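[1] model the structure of this input:
(chains A and B)
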Amino acid sequence: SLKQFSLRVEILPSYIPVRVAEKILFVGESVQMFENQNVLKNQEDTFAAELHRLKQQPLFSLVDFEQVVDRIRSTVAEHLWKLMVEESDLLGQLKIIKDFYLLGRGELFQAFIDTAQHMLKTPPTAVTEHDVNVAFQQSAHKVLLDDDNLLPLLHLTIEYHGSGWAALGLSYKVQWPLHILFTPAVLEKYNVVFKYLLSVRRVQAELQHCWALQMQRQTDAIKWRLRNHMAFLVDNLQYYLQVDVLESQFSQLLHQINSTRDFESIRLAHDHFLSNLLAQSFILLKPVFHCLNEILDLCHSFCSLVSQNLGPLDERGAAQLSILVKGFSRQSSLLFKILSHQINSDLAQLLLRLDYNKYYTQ
Amino acid sequence: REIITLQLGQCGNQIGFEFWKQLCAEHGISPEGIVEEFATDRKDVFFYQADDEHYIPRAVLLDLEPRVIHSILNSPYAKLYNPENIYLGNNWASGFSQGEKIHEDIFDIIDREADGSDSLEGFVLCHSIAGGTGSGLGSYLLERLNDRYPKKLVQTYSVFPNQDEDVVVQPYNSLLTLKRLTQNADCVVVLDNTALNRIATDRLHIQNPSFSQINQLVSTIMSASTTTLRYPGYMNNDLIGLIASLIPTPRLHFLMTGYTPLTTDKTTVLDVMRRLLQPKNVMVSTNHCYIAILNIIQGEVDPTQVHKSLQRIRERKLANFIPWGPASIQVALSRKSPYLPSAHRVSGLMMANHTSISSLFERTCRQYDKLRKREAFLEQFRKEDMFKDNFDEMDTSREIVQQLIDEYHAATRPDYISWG
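    Numbers count the residues shown, from 1 in each chain, chains lettered A, B, ... in the order given. The structure is reproduced below:
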């Protein structure tokens, strides 16, 4: 099912439009889908009596043919909404997706990065998959808030032979009524957002470990501190831009879910949610994603260098720390020029940093 | 991790007493520590959990020549603070020498709460600068805690004494405390008795009972500075993640305060930030500039206007800065609590690194410098002289605070990339 059933456009009569046949397709796919897996107010004969009467008419009229199929289109979609949103409540399911794919659980995902830091750092190999799941299971009980089940609908998937943080995919187990709403393709698009959001979440925590090291302790500590705090500014600013979209777009999504009792709006609700969620993250645009990542990656190499010693390090690190503070100053001002659809979230994020005019005055 | 607060000295025990009473009223806690029947907060960090809902805070009360501590004990709230951890001069040297003999038992009192908690991150000291018994003992305890807990971090809610300048050895005492705090304090939040007194004259007619009423002002600052930890949120869900933005350089770890409705007994976010940047709301008494500014708002705040509000504050340019530090102001938000009055429905506070606190350090250094040339109060008491025959710890403290003053003005300079 949901396959071997499709429009054939070349055989479609010209006076019959494509839109009405799409409604025909929808009511057919719906009544097929909840027809099987059974192991229904009977307007089957009255709609037959409608279609028997429509057979007796000599002349083809389109607006009557549109009216009768859209009557059967709305009646099947009004039910299939009511079965899905009430018996198999979607609002709880979308909450679990945001909590784990979109990092909505902050206590757990920060503790999982904290507890499993070394073993995700180590390169991938076939036995690393069970290791990160039991630590994620330990992270679930580290943040002791734990109900019953809630946990066997989620696991971690590492892939090896085709830095274990790079191959860290999250996957959810969907039920049958939500299997058309959640195909593998959309959870695949959910997967790229999960890898990006956990990256910037990782950078913020270990940078504050550099701050915490620097404050418990000459010169060359107080040059790292400049380099730490210069990198700290744009790092908390970028995640705060991601804070703004995840609040604003998810409030939009739940609202058009509850807007009407049509199943068609529920599908269009989820399409409007993802298109804005991908856009404000700027991940579909190439050069901004291809420059913000190395901003985090050069900060990883700086944060390793300060983590090397509490003693002052001019053993070839001050050579490239001065390279780093000039290389970071260049690219962060380069993205500041790029930030300066004209979306309110992207354009107003600038004059956070322009409150000091700090990169512009330079 | 859970926070243990080390309230010490008479004034510090007063403000810790009032701080925990305010958090009793603000959270769902009765004066006996019981969960309130009328009652969504993160009470784990600040309040230990007993089994029958006795929310006893992790307060460590130290008394030395105790008077106000007996008054603390005869209170309705004496059952609320029950970890049973109270263990029995006006000179810094007397307070230090008195702390040295009882250091092991008071440190075992530290150790017991450290073991009893699941975890421990910070030691938040209700310290009194030049506070007689409080100063000296607070500096010695500050010096012990970073050695015993090197990974851990120590905050100091210093009530820096300015009373228009009675203690005649007050600049000497404050001078020694500030050296201990600059090398051995991870963070310091500064407060001023003159600035709180001028605010007392502003908002009310209170002049003679200045201390008792300023306790409430200090306590409002102290609760609102921790509300974003005590209540869950998106960002600054831990102390160290908060303190990172406020302190860019470890020598300048000193933080100013302010509150938008000083008379907190509808206002939009643009209005409250603009009111906050004005100097009347500030509670602290050559170019000069902030290094970094942060703000937290609690109340009926609209979300699409907070970004536009910081846009409007940026257009206003009411706060002036050109530091070495790049940290720009951010609009943060916390949860206003229920059951207590929601008057001034939107209400906020600021914490900032600003170079004008170096002037107030330099004021007690100037008083110390004139007193040090006069030698009018070297005290020459046998405690003071037998503890410091050389009297050179005052000179080491003078050179360390002079480094701090020069570091502040070098942070004002365009080149703090170089040597500060």
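[2] can you tell me, leaving aside adjacent residues, what's nearest to residue B:242?
    residue B:236 (4.3 Å; C-beta to C-beta, 6 or more residues apart in numbering or on different chains). Using the backbone N, CA and C atoms, a C-beta is placed for each residue, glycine as well.
[3] that neighbour reaches residue B:243, doesn't it?
    No. The pair residue B:236 and residue B:243 does not pass the contact test of C-beta atoms under 8 Å, sitting 9.3 Å apart.
[4] quick one: the helices in the chain, in order.
    Unless you meant another one, I'm taking chain A. A:18-33, A:44-56, A:62-82, A:90-100, A:106-115, A:117-121, A:128-142, A:184-216, A:224-257, A:263-280, A:286-308, A:317-339, A:344-353, A:358-361 (DSSP state H).
[5] right idea, wrong chain: chain B
    Using DSSP H, helices in chain B cover B:10-26, B:68-73, B:92-116, B:134-148, B:170-184, B:193-203, B:210-224, B:227-230, B:239-246, B:269-277, B:304-316, B:357-374, B:382-387, B:393-412.
[6] closest one to residue A:184 among these?
    Closest to residue A:184 of the helices of chain B, according to C-beta to C-beta: helix B:304-316, at 35.3 Å.
[7] show the backbone phi and psi for the residue nearest to residue B:242.
    phi 60, psi 50 (degrees, to the nearest 10).
[8] now for it, how many residues are close by?
    20 (other C-beta atoms under 10 Å in any protein chain shown).
[9] distance of it from residue A:202?
    Using C-beta to C-beta, to the nearest Å, residue B:236 is found at 18 Å from residue A:202.
[10] can you check residue B:167 too?
    From residue B:167 to residue A:202 the distance is 51 Å (C-beta to C-beta).
[11] show me the beta-bridge partners of the residue nearest in space to the middle of chain B.
    Centroid-nearest residue in chain B: residue B:157, 1.7 Å away (criterion: C-alpha atoms, centre = their mean). Beta-bridge pairing for residue B:157 (DSSP bridges): residue B:189.
[12] OK, contacts around it?
    Residues near residue B:157 by C-beta atoms under 8 Å, 6 or more residues apart in numbering or on different chains: B:15, B:124-127, B:189, B:191, B:222.
[13] pull out the buried residues from the residues you listed.
    B:15, B:124-127, B:189, B:191, B:222 (16 or more other C-beta atoms under 10 Å in any protein chain shown).
[14] can I get these in CSV with distance to residue B:357?
    As requested, these are exported to CSV (distance: C-beta to C-beta, whole Å):
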residue, distance to residue B:357
B:15, 20
B:124, 20
B:125, 18
B:126, 19
B:127, 16
B:189, 11
B:191, 11
B:222, 18
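[15] out of those residues, who's nearest residue B:294?
    residue B:189 (12.2 Å).
[16] contact partners for the closest one?
    Applying C-beta under 8 Å, 6+ apart, the residues near residue B:189 are B:155-158, B:225, B:254-255, B:257, B:351.
[17] got a winner among those for most neighbours?
    residue B:254 (28 neighbours).
[18] need the contacts of residue B:189 in TSV with distance to residue B:264, can you?
    Output for the contacts of residue B:189, formatted as TSV (distance: C-beta to C-beta, whole Å):
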residue	distance to residue B:264
B:155	24
B:156	25
B:157	20
B:158	24
B:225	15
B:254	25
B:255	21
B:257	14
B:351	17
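[19] which of these lies closest to chain A?
    residue B:155 (11.2 Å; C-beta to the nearest C-beta).
[20] isn't that closest one right up against residue B:126?
    No. Counting by C-beta under 8 Å, residue B:126 is not a contact partner of residue B:155; they are 10.0 Å apart.
[21] can you get me a residue count around whichever residue of the stretch 1-150 of chain B sits closest to chain A?
    Distances between the stretch 1-150 of chain B and chain A by C-beta to the nearest C-beta are smallest at residue B:150, namely 6.4 Å. Using other C-beta under 10 Å, residue B:150 is surrounded by 10 other residues.
[22] give me phi/psi at it?
    phi -70, psi -30.
[23] quick check: nearest residue in space to it, chain neighbours excluded?
    residue A:216 (6.4 Å).
[24] how about the contacts made by the one you found?
    B:146, B:150-151, B:153, B:186.
[25] who wins for neighbours among those?
    residue B:186 (23 neighbours).
[26] nearest to residue B:388, out of the helices of chain A?
    Here helix A:184-216 is closest among those (C-beta to C-beta), at 28.1 Å.
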